[PDB]
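Here is the structure we will look at.
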Amino acid sequence: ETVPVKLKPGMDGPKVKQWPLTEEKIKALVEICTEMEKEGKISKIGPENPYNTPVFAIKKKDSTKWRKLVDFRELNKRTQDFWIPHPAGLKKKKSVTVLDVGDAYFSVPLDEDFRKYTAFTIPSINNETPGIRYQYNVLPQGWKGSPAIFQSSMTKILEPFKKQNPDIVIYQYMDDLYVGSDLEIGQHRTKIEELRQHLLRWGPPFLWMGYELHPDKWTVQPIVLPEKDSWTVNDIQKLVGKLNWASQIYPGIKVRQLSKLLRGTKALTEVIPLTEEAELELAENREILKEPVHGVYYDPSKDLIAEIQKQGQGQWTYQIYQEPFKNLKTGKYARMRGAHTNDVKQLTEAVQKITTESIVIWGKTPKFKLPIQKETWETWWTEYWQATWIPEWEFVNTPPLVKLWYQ
Amino acid sequence: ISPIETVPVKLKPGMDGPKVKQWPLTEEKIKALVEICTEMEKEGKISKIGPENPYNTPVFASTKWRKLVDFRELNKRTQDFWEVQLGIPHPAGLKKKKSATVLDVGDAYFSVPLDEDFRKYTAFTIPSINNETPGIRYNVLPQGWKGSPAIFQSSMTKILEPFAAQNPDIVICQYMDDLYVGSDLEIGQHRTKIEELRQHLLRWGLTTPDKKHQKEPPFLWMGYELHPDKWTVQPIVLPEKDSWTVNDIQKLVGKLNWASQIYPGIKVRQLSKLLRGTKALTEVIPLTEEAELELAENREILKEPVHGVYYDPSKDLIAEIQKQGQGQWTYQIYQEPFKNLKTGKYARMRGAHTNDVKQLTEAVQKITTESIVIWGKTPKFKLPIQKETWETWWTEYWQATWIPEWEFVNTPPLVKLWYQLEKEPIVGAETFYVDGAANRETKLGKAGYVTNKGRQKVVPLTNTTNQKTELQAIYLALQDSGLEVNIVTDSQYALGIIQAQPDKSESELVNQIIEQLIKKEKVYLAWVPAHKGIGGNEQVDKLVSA
Ligand SMILES: N#Cc1ccc2c(Oc3ccc(F)cc3OCCn3ccc(=O)[nH]c3=O)cc(F)cc2c1
Ligand SMILES: [Mg+2]
């Protein structure tokens, strides 16, 4: 029947106010919810339930169909922890496709006591009418317990195909599924379709869509030093500052000789020839940066953190780390979306990509540091989201000035 | 079916029932309490309980007085429920219809039954004169209970749900104690559908009197007045007393704030600045002339009557913003030219350093947020900023920033960038290595600079913090330099405040730095690590040290 579930001791049901929604999204939710009620997957609730979880609509990339989405991040934190191993082959696999398997979660009912914590309200425009209140009677998409309770069933479903294709790597994230192989894209899509039919037979409005990745093409962006022939004072100033900053990551970096070139009060625009010893110090620093930082390895217990910097010209930089200066990954995106019209969209696309890369590699989403004011992000971030999950984030309202280092 | 399903209510987890002894009151008071109380039991509102129930709640109270009960203790024990949004529909969103009838509900709370097992916790013992009678020990939603509003509203919702589906032509907006209905059918059919709905309410025990003809338009809603084709706030009043007190300010600001919804140009900043302390509502604070002028200007606009149109989804939604100055911004949202759906005002969020562009952006989000709430869609923006001004700003900003689809409007004062800092050093411009220090024990300090040309300066300061000297060292370099100058500093604090690109600050020194930046043609600000022996930075740091 159902599996028992309770909140972490001392934690009440999640109560989060429903942010105002656009009329288009309000209508889409009413239609989705109205049909789901007919399907019995959700049912009305009276005032007795004081809990509330935010809900809003989204449309997957290249998708004309609205998908209901519920912000269970507060419920997930309150939900008691369970008790999946994360395969490393995905990152190496030539191709990894994502499939929205959240539909299967609806087949399994959920405990009655926990159903009160799934309450979400469909808002009303201009406070004209009291919003509609719903509650999940089944495993709700976007919940932490949903992929876990169904996990055993997913394995039994995927047992035959897994034996048929052992080289293929399958990883399941809440409401999603990742399948990776090194085969050609044609055969890969065929295998994917075979897996689609596999779920269809054992069973999906969004199961036909497929998101393609190539973790083999993924690479990390390193910190490099510009190689020039005419070094000006300002160049040496900025060059020295960056090196002194990078010293925190790499202790071996030395800036003594470069500082000697700076000795004296001279104009920034004047060109300063580099002493052979200083050129050697730059060479030794250029080498130290071509090598990986020592003692840097992902710790499963520590949560991932991600920072994004707006470099300009439609270019963005991000670093994923678990410790202040121990960087596990570093890269830069370019031309994501609205490259030269809307940053909020580029940052929303960047947050998505980073999370995807984080999931493929460490099976969990980082905590994002968003270079954006809170009101700016909260107002439009819903309009450009194209994913079933929602990571954590906070805002950095202080000018870093270190973006030049992460160039 | 007359019976209305009752909502299950449970006391707070691990919480006991409320028991509060009734306070002894006058005999004439108890002589009337037992009077109305008997009627309520005859009506079925309340039922006498046996001595077994231990819970109790105090009972206190033109021609006669009314009863009351303080269930706050009971409310604390009562469980939390979903609360109806306190927001009230704004008329600017209300769409136009041919007829509109308002059906009030009589004794909605008393009409709604209560959870059976929860009735034990509503016991209120009745007082006896001179203790000469045994103490007299709710069956429906009691007045003043925490869950009463939500239960009554939630009960109504399920009641109205069938009628809505059966008659989709009628639109019924739901508000506390009221039920607003409008329709575009013929006047006879509207009155007909109104009666059908009233009967559906009676079938569940709900009185919405039509016998007493429902108030015909105009209708004066609690917020403002409404008409068949227009909406306006209740008329404002101006005391014009020679001397105003603290409570005078709030009343004037509050009344003026309500006027800003339809009447553009309202200004309350000067008035608010006067009541900075706002210590006591009784305290009297003298009026300032700048604030007095604000009232004079407000009085002018208030004289002319203004009205707003209702929303037509067919028409586009337009929002126009102008800069009033001193952190004040007025906006208008209109579908048709010259006819405004609504008007509002925005004030600068508290901060130490700001500029015009950011404040404009903030207003958009404030307008955008309100628009999605009242209509569900973002408006097109008419903004007083050149497209090139914005492109330069948002592209160069270090943070992500965006403004929805917008057009330029030539109405001054236009938003502009007062100064722009070069991204590369100005060749052939004197370079100013600056530094400044100050003793922690003694506020005394100094600030100076050095240049490639040999120029130098050191100035002793008093009552200055270390950061102030770091900014002070920059002020000097700006004054003693030409139109084009490069400045090298080690103060990240000063840099973080200039890379914020402000045009007006709460620190007079910043403004004076802004004033020189406005004067100069080109300025390039660089940063070098302190105590790193970088160029003259060590030379300038030593001269200002201690
Ligand atoms: N007091 C009071 C009162 C009366 C009717 C109200 C109302 O009634 C309406 C109910 C449904 C609807 F679609 C549209 C309404 O009014 C649209 C605006 N309006 C109104 C009156 C009129 O003569 N012409 C007109 O256009 C909706 C509403 F929120 C609040 C109301 C508050
Ligand atoms: Mg110093």
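A quick note on method: Cβ atoms are made from the backbone with ideal geometry, for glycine too, and the neighbour counts reach across all protein chains shown. All of this is worked out from the model, or read from it or from the source named; these are not laboratory values.
Tell me whether the stretch B:360-374 contains one or more residues that are out of contact with any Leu (no Cβ under 6 Å at 6 or more places or on another chain) and more than 14 Å from every other protein chain (Cβ to nearest Cβ).
No, the conditions are met nowhere in the stretch B:360-374.
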- Exclusive hit being within 14 Å of chain A (Cβ to nearest Cβ), away from ligand 1 (no atom under 16 Å from the Cβ) and either under 30 Å from the mean Cα position of the chain (by Cα) or farther than 30 Å from A:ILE125 by Cβ (or both), set B:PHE71, B:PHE60, B:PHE81: B:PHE81
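Taking A:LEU282 as the residue in question, decide whether it is under 43 Å from the mean Cα position of the chain (by Cα), surrounded by 13 or more Cβ atoms within 10 Å (Cβ to Cβ) and under 26 Å from B:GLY454 (Cβ atoms).
When the stated conditions are applied, A:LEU282 does not pass them.
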- Message: Let me confirm something: among B:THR78, B:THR38, which residue is of a type in the set (S, T, N, Q) and over 21 Å from B:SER128 (Cα atoms)?
- Response: B:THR78
- Considering each of B:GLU396, B:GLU424 in turn, give the residue that is assigned by TED's automatic domain parsing to the domain that holds B:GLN359 and more than 16 Å from ligand 2 (Cβ to nearest atom). B:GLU396
- Query: Among the residues of the stretch B:143-158, which ones are among the charged types (D, E, K, R) and either within 12 Å of ligand 1 (Cβ to nearest atom) or under 31 Å from the mean Cα position of the chain (by Cα) (or both)?
  - Reply: B:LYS146
- Query: For the stretch A:242-255, what are the residues that are at the interface with chain B (Cβ under 9 Å from one of its Cβ atoms) and in a helix (DSSP H, G or I)?
  - Reply: A:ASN244, A:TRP245
- Yes/no for B:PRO502 being out of contact with any helix residue (DSSP H, G or I) (no Cβ under 9 Å at 6 or more places or on another chain), farther than 20 Å from B:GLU424 by Cβ, more than 16 Å from ligand 1 (Cβ to nearest atom) and not assigned by TED's automatic domain parsing to the domain that holds B:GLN359: no
- Query: If A:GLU159 passes every condition in (1) more than 14 Å from chain B (Cβ to nearest Cβ); (2) among the acidic types (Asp, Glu); (3) touching a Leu at 6+ places or on another chain (Cβ under 9 Å) but one, which one does it miss?
  - Reply: (3)
- Looking only at residues in the stretch A:28-77 that are closer than 23 Å to A:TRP380 by Cβ and of a type in the set (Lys, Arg), which one is farthest from the other protein chains (Cβ to nearest Cβ)? A:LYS60
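Which members of the stretch B:174-192 meet the condition of being over 14 Å from B:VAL105 (Cβ atoms) and within 16 Å of ligand 1 (Cβ to nearest atom)?
Of the residues in the stretch B:174-192, the ones over 14 Å from B:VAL105 (Cβ atoms) are B:182-192.
Once the filter is applied, which keeps residues that are over 14 Å from B:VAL105 (Cβ atoms) and within 16 Å of ligand 1 (Cβ to nearest atom), the stretch B:174-192 yields B:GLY182, B:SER183, B:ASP184, B:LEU185, B:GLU186, B:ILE187, B:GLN189, B:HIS190, B:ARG191.
How about the stretch A:111-142: which of its residues are at positive phi, more than 13 Å from chain B (Cβ to nearest Cβ) and outside any loop (DSSP other than H, G, I, E, B)?
Selection gives nothing.
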- Item | Positions within the stretch B:110-127 being under 21 Å from B:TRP204 (Cβ atoms) and surrounded by fewer than 20 Cβ atoms within 10 Å (Cβ to Cβ), in sequence order | B:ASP115, B:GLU116
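So that you can scan it fast, the table gives a plain yes or no per residue for (1) within 14 Å of another protein chain (Cβ to nearest Cβ); (2) away from ligand 1 (no atom under 16 Å from the Cβ):
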site: B:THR133; (1), (2): no, yes
site: B:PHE163; (1), (2): yes, no
site: B:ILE170; (1), (2): yes, no
site: B:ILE194; (1), (2): no, no
- Out of all the residues in the stretch A:60-106, which are under 25 Å from A:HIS198 (Cβ atoms) and acidic (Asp, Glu)? A:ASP62, A:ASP100, A:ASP103
- Task: Output the number of the condition that B:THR401 fails; it satisfies all remaining conditions of (1) farther than 30 Å from A:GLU378 by Cα; (2) in contact with a helix residue (DSSP H, G or I) (Cβ under 6 Å, 6 or more places away or on another chain); (3) within 13 Å of chain A (Cβ to nearest Cβ).
- Result: (1)
- Of the residues that sit in the stretch A:339-357 and are farther than 14 Å from A:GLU307 by Cα and aliphatic (A, V, I, L, M), which one is nearest to the other protein chains (Cβ to nearest Cβ)? A:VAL344
- Item | Residue ranges of strands (runs of 3 or more DSSP E) in the stretch B:427-516 with at least 1 members of a type in the set (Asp, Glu), within 14 Å of another protein chain (Cβ to nearest Cβ) and within 16 Å of ligand 2 (Cβ to nearest atom) | B:430-438
- Task: Tell me which of these B:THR395 doesn't satisfy, since it passes every other one: (1) within 14 Å of chain A (Cβ to nearest Cβ); (2) β-branched (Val, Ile, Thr); (3) surrounded by 15 or more Cβ atoms within 10 Å (Cβ to Cβ); (4) farther than 26 Å from B:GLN512 by Cα.
- Result: (3)
- Query: Exactly one of (1) of a type in the set (A, V, I, L, M); (2) surrounded by 20 or more Cβ atoms within 10 Å (Cβ to Cβ); (3) assigned to a helix (DSSP H, G or I) is unmet by A:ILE157. Its number?
  - Reply: (2)
- Message: Which of the numbered conditions does A:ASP62 fail, given that it passes all the others? Conditions: (1) under 24 Å from the mean Cα position of the chain (by Cα); (2) surrounded by fewer than 17 Cβ atoms within 10 Å (Cβ to Cβ); (3) among the acidic types (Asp, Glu); (4) within 16 Å of A:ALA119 (Cβ to Cβ).
- Response: (4)
- Only residues that are touching a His at 6+ places or on another chain (Cβ under 7 Å) and not hydroxyl-bearing (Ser, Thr, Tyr): list them for the stretch B:232-261, please. none
- Query: Restricting the search to the stretch B:522-546, which residues are outside any loop (DSSP other than H, G, I, E, B) and either under 45 Å from the mean Cα position of the chain (by Cα) or among the small types (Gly, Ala, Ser) (or both)?
  - Reply: B:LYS522, B:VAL523, B:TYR524, B:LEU525, B:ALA526, B:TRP527, B:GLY535, B:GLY536
- Residue satisfying condition, being buried (at least 18 other Cβ atoms within 10 Å of the Cβ), part of a strand (DSSP E or B) and not assigned by TED's automatic domain parsing to the domain that holds B:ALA494, within set B:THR343, B:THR368, B:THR361: B:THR343
- Does B:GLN324 meet the test of being over 28 Å from B:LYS98 (Cα atoms), in contact with a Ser or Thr (Cβ under 6 Å, 6 or more places away or on another chain) and assigned to a strand (DSSP E or B)? yes
- Within the stretch A:256-268, can you find the residues that are more than 8 Å from chain B (Cβ to nearest Cβ) and surrounded by fewer than 17 Cβ atoms within 10 Å (Cβ to Cβ)? A:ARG256, A:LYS260
- Message: surrounded by 17 or more Cβ atoms within 10 Å (Cβ to Cβ), within 13 Å of chain B (Cβ to nearest Cβ) and of a type outside the set (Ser, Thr, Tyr): which single residue out of A:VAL271, A:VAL233 fits that description?
- Response: A:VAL233
- Task: Sort out which residues of the stretch B:95-148 are part of a loop (DSSP other than H, G, I, E, B), closer than 23 Å to B:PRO3 by Cβ and hydroxyl-bearing (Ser, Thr, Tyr), and write them in order of number.
- Result: B:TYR138
